[PDB]
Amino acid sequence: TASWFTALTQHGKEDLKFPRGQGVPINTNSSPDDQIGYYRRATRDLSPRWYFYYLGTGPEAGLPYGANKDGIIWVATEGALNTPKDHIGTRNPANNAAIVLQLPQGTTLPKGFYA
C-alpha cells in the first residue's frame, strides 16, 4: 500500500508524538468522524519517516486504536469514531500522488519535526 499523505521526517532523537486531539493531517474533504488514525515509522540508518494511515487501513489495519506497538503512534481529533475507515483506504502511487501533509497551526511538534 501507500500513505495518502507525505511523510513527516524525524531529525533529532525525539520520536514522533502528539497530544490528544492533534496530529491528524488536514483533509477538508473528509468527515469529522474520520479524523483518527496512526503514524508508522519507516527507517531505511537514515532520517526516520513517519507515514500517516487512517484507522483500519495501512500496514496495521487490524490493530485497534491505541494498540501499543513500537513505530506506531495514534492520533484522533475531538469527535472521531472508532471505526475502520474502509472508504478511504490507502493511496495508489500509480493512480494518485501523495497529499502534502499539513497540520492545523497551534499543533505541537517535537524537536526535529517541521510542517
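The term rigid core refers to the maximal set of C-alpha atoms that superpose within 1.5 Å between the two forms. When you see a residue number, it is the position in the sequence shown, counting from 1.
Note on 27 to 35 and 48 to 56: with rigid core alignment, C-alpha atoms in 5 other deposited structures of this protein sit farther from this form for 27 to 35. Going from residue 44 to residue 45, the model skips 10 or more deposited residues, which lack coordinates. Looking at 103 to 111 and 17 to 25 together, the entry lists the larger mean B-factor for 103 to 111, computed on C-alpha atoms. When the C-alpha B-factors of 56 to 64 and 31 to 39 are averaged, 56 to 64 comes out higher. Annotation for residue 6: C-alpha temperature factor in the middle third relative to the rest of the modelled chain, per the entry.
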